[PDB]
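**Student:** Just dropping this structure here.
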Amino acid sequence: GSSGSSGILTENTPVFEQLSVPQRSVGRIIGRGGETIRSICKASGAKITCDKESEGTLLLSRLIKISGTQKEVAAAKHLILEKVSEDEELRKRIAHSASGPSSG
């Protein structure tokens, strides 16, 4: 599933979205200690936070919370991903499990 876009407001109505990220990518999204989550929140303007209700130790997967105006909540969501994909490959470039399509 990929297709599926939409979003309406009055001019800058607030929004609340949540993005579940693995503990393997959260390190690249949030950074060493947030230094990365601080530059994104200011680059998009959307408030980004990490789950709380849960222990948030290292179960299996983490969850992030994005808030703000349709402008940010939408933009920030993109940035957060830009990091998820980075670590996704960064961990593969070092592990390389009988794979690695690098011809083009």
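**Student:** Please give the calculated 222 nm ellipticity per residue for the chain, where each DSSP H segment of at least 4 residues contributes -39500 (n - 2.57) and the sum is spread over every residue; nearest 500 deg cm²/dmol?
**Tutor:** -12500 deg cm²/dmol
**Student:** Taking only Cα atoms and a 10 Å spring cutoff, compute GNM fluctuations for the chain and point out the largest among 58, 81, 19.
**Tutor:** For the chain, modelled as a Gaussian network with Cα springs under 10 Å, the answer is 58.
**Student:** Can you work out the Karplus-derived ³J(HN,Hα) for every residue in the range 10-18? Use 6.51 cos²θ - 1.76 cosθ + 1.60 with θ = phi - 60°, whole Hz, and x for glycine or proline.
**Tutor:** Couplings: 9, 2, 5, 3, x, 8, 9, 10, 10 Hz.
**Student:** Related question: Fully extended, how many nm does the chain gain between residue 55 and residue 69 (0.36 nm per residue separation, minus their Cα-Cα distance)?
**Tutor:** Stretched out fully, the residue 55 to residue 69 stretch lengthens by 2.2 nm.
**Student:** May I pose another question? Which FRET efficiency, nearest 0.05, do residue 8 and residue 78 yield, Cβ-Cβ r, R0 30 Å?
**Tutor:** The computed FRET efficiency comes out at 0.95.
**Student:** Based on Cβ point charges of +1 for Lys and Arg and -1 for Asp and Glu, what charge dipole magnitude is obtained for the chain about its Cα centre, in debye rounded to the nearest 20?
**Tutor:** Taking the Cα centre of the chain as origin, the dipole is about 240 debye.
None of the figures in this text is laboratory data; all of them are computed from the coordinates on show. Every residue, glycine as well, gets a Cβ built from its backbone with ideal geometry; the counts of neighbours run over all protein chains shown.
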